[PDB]
Amino acid sequence: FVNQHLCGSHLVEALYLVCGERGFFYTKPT
Amino acid sequence: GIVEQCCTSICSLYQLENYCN
């Protein structure tokens, strides 16, 4: 599976591709 | 957070399911 330094929209895309229609949480430091 | 695992380093799909319903 893809884990190669995915960041922002690419990490949201990987988290969606694992989770599917179940739904997930996401966060980033500011 | 998930970016502090999958963007700073390499992670896993089982660490992605940690954030799933």
# chains A, B, ... in the order shown; residues from 1 in each chain; ligands from 1
call {"tool": "closest_atom_pairs", "arguments": {"of": "chain A", "to": "chain B", "cutoff": "6 Å", "atoms": "only C-alpha atoms", "output": "tab-separated table"}}
result
residue	atom	partner	partner_atom	distance
A:3	CA	B:11	CA	5.5
A:4	CA	B:10	CA	5.8
A:5	CA	B:7	CA	4.2
A:6	CA	B:7	CA	5.3
A:7	CA	B:7	CA	5.1
A:15	CA	B:16	CA	5.6
A:19	CA	B:20	CA	5.6
A:22	CA	B:21	CA	5.7
A:23	CA	B:21	CA	5.8
A:24	CA	B:20	CA	4.2
A:25	CA	B:19	CA	5.4
A:27	CA	B:1	CA	5.9
call {"tool": "select_by_dssp", "arguments": {"residues": "chain B", "states": "helix (DSSP H, G or I)", "output": "number ranges by chain"}}
result
B: 3-6, 13-19
call {"tool": "decode", "arguments": {"residues": "chain B", "atoms": "N, CA and C atoms", "output": "JSON list (two decimals), in the first residue's frame"}}
result
[["chain", "number", "residue", "atom", "x", "y", "z"],
["B", 1, "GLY", "N", -0.89, 13.58, 15.48],
["B", 1, "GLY", "CA", -1.73, 13.53, 14.26],
["B", 1, "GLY", "C", -1.14, 12.62, 13.19],
["B", 2, "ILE", "N", -1.91, 12.33, 12.13],
["B", 2, "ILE", "CA", -1.53, 11.37, 11.07],
["B", 2, "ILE", "C", -0.40, 11.89, 10.17],
["B", 3, "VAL", "N", -0.33, 13.21, 9.92],
["B", 3, "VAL", "CA", 0.73, 13.85, 9.13],
["B", 3, "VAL", "C", 2.11, 13.73, 9.80],
["B", 4, "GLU", "N", 2.14, 13.69, 11.13],
["B", 4, "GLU", "CA", 3.33, 13.48, 11.96],
["B", 4, "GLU", "C", 3.81, 12.01, 11.98],
["B", 5, "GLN", "N", 3.21, 11.16, 11.15],
["B", 5, "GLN", "CA", 3.57, 9.75, 10.96],
["B", 5, "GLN", "C", 3.77, 9.38, 9.48],
["B", 6, "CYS", "N", 2.90, 9.86, 8.58],
["B", 6, "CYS", "CA", 2.89, 9.50, 7.15],
["B", 6, "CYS", "C", 3.53, 10.53, 6.21],
["B", 7, "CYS", "N", 3.80, 11.76, 6.68],
["B", 7, "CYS", "CA", 4.50, 12.80, 5.91],
["B", 7, "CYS", "C", 5.92, 13.05, 6.43],
["B", 8, "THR", "N", 6.13, 13.04, 7.75],
["B", 8, "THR", "CA", 7.47, 13.17, 8.37],
["B", 8, "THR", "C", 8.31, 11.89, 8.21],
["B", 9, "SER", "N", 7.65, 10.73, 8.15],
["B", 9, "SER", "CA", 8.21, 9.38, 8.04],
["B", 9, "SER", "C", 7.32, 8.50, 7.14],
["B", 10, "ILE", "N", 7.67, 7.22, 6.99],
["B", 10, "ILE", "CA", 6.81, 6.20, 6.36],
["B", 10, "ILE", "C", 5.87, 5.60, 7.42],
["B", 11, "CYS", "N", 4.61, 5.35, 7.05],
["B", 11, "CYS", "CA", 3.60, 4.73, 7.92],
["B", 11, "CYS", "C", 3.01, 3.43, 7.33],
["B", 12, "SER", "N", 1.80, 3.03, 7.76],
["B", 12, "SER", "CA", 1.11, 1.80, 7.37],
["B", 12, "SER", "C", -0.40, 2.01, 7.23],
["B", 13, "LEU", "N", -1.04, 1.24, 6.35],
["B", 13, "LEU", "CA", -2.50, 1.20, 6.19],
["B", 13, "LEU", "C", -3.25, 0.83, 7.48],
["B", 14, "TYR", "N", -2.64, 0.07, 8.39],
["B", 14, "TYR", "CA", -3.21, -0.21, 9.71],
["B", 14, "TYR", "C", -3.14, 1.00, 10.65],
["B", 15, "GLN", "N", -2.16, 1.89, 10.45],
["B", 15, "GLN", "CA", -2.09, 3.20, 11.10],
["B", 15, "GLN", "C", -3.01, 4.23, 10.44],
["B", 16, "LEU", "N", -3.44, 4.01, 9.18],
["B", 16, "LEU", "CA", -4.49, 4.80, 8.54],
["B", 16, "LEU", "C", -5.89, 4.39, 9.07],
["B", 17, "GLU", "N", -6.16, 3.09, 9.26],
["B", 17, "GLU", "CA", -7.42, 2.61, 9.86],
["B", 17, "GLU", "C", -7.64, 3.08, 11.31],
["B", 18, "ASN", "N", -6.58, 3.50, 12.02],
["B", 18, "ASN", "CA", -6.68, 4.12, 13.35],
["B", 18, "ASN", "C", -7.59, 5.38, 13.38],
["B", 19, "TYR", "N", -7.75, 6.05, 12.23],
["B", 19, "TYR", "CA", -8.54, 7.28, 12.08],
["B", 19, "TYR", "C", -9.92, 7.04, 11.43],
["B", 20, "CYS", "N", -10.21, 5.80, 11.04],
["B", 20, "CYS", "CA", -11.44, 5.38, 10.38],
["B", 20, "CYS", "C", -12.51, 4.92, 11.39],
["B", 21, "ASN", "N", -13.79, 5.09, 11.03],
["B", 21, "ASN", "CA", -14.98, 4.70, 11.80],
["B", 21, "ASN", "C", -15.08, 3.17, 12.02]]
